[PDB]
Amino acid sequence: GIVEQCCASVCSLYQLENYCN
Amino acid sequence: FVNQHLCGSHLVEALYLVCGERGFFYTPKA
Ligand SMILES: [Cu+2]
């Protein structure tokens, strides 16, 4: 998931927007 | 904006910045 991708790989701020309420 | 390497609490900080008052869910894997 995102927690994992952001740490083991990289992620974008736009991908993080998917976790906002 | 640039790509991010974010582990632990640093990811929580990023979500807070991105989502602001909308709030967010922090949902790691089991
Ligand atoms: Cu640190």
Side-chain angles (χ1 to χ4, degrees):
Chain A
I2 193 66
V3 180
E4 297 69 42
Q5 184 202 320
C6 289
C7 184
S9 196
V10 292
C11 65
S12 67
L13 299 187
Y14 292 90
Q15 286 167 333
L16 294 188
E17 275 187 328
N18 301 150
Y19 293 83
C20 303
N21 291 309
Chain B
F1 301 111
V2 291
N3 286 339
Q4 303 303 333
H5 183 196
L6 298 164
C7 298
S9 62
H10 298 290
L11 176 55
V12 170
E13 291 280 352
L15 285 164
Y16 177 80
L17 177 72
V18 169
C19 299
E21 240 82 280
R22 293 177 69 190
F24 64 90
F25 270 72
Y26 173 72
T27 58
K29 277 196 325 125

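In what follows, chains are A, B, ... by sequence order, proteins preceding strands, each numbered from 1. Heavy atoms only: backbone and side chains are in, while hydrogens, waters and symmetry mates are out.
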So which atom in A:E4 and which in B:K29 form the shortest heavy-atom distance, rounded to 0.1 Å?
OE2-N, 2.8 Å
More than 12 heavy atoms of other residues, nucleotides or ligands under 6.0 Å from OH of B:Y16: is that the case?
no
Under a 4.5 Å heavy-atom cut-off, does chain A meet the side chain of B:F25, its backbone, both or neither?
both
So which residues of residues 7-14 of chain B are in contact with chain A at a heavy-atom cut-off of under 4.5 Å?
B:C7, B:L11, B:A14
Taking distance alone, no hydrogens or angles, what donor-acceptor pairs closer than 3.5 Å link side-chain atoms of residues 11-21 of chain A to residues at least two apart or in another chain?
from	atom 1	to	atom 2	distance (Å)
A:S12	OG	A:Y14	N	3.4
A:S12	OG	A:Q15	N	3.0
A:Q15	OE1	A:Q5	NE2	3.0
A:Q15	OE1	A:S12	N	2.9
A:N21	ND2	B:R22	O	3.3

